[PDB]
């Protein structure tokens, strides 16, 4: 198969067992890759790389593109369909961990875990804030959104959210719009402005986990244009940053690999891949 990207060593080993694997990225198998083109039926890739139309046209036998991830911007979905190729993903596997990091970053800002850690490390050794009884506003109550809210309930936080729709079974309150949400939040969780930022007040904080002195802090794991990131952040204050590590756990990556394996053996088994999109 065509392995467009490296995945985990042990997702690799699961491949080199069932499959003769040609890695697009390794020079040491460019020849045998070229050879194999007509007898290549499977591509394993990630959301970031996808599979260009050029490469697709190079693979006449290709029947499946298995995406280690849920991103589809890097592959032409309908085009594969017209070539009768199955394009799969790995749904419902990463939200919890993304929600863990969101909470971790939150405690990190709340409790000065960055500023506090360096000051000991920088042999330099300010009161923090408790989450208890504070309004957590959640922007986008999806999978990641719900996970993060319940986790936030354990800290004595009251949940409010923006919405898209209202959720049954919980006592969380829904706000009409994002600014409504901000004016009623002590910590804003972005799980999908200046004026929004301004409505959070000087005690409030923002926590990013999705895409890229008037506020008291921010914990950001995702930024616009990455990783050539603003620069001021590393300088800013009351800021905890992450190299987009939302889903970066062994467990999640292992859960995602197994899914990728599952759609593979399925297709080679004459079946329609279960995670076809």
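Numbering follows the first chain given and starts at 1.
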### Task
Would you mind checking whether any residues of the deposited sequence sit unmodelled between residue 113 and residue 114, and how many (none, 1 to 3, 4 to 9, 10 or more)?
none
### Query
None, 1 to 3, 4 to 9, or 10 or more: how many residues of the deposited sequence lack coordinates between residue 125 and residue 126?
4 to 9
### Query
201-209 versus 116-124: which one carries the higher mean Cα B factor per the record?
116-124
### Query
Out of 94-102 and 174-182, which stretch has the higher average CA B-factor listed in the record?
174-182
### Query
When you compare the CA B-factors of 252, 45, 231, 214 as listed in the entry, which one comes out on top?
214
### Query
Of 67, 224, 51, 220, which one's C-alpha B factor is largest in the deposited record?
224
### Query
If you rank every modelled residue in this chain by C-alpha B factor, which third holds residue 259: lowest, middle or highest?
lowest
### Query
If you rank every modelled residue in this chain by C-alpha B factor, which third holds residue 81: lowest, middle or highest?
highest
### Query
Lowest, middle or highest third of the chain for the C-alpha temperature factor of residue 135?
lowest
#### Entry: residue 8 - Cα temperature factor, lowest/middle/highest third of chain
highest
### Query
Once the chain's modelled residues are ordered by C-alpha B factor and cut into thirds, is residue 151 in the lowest, middle or highest one?
lowest
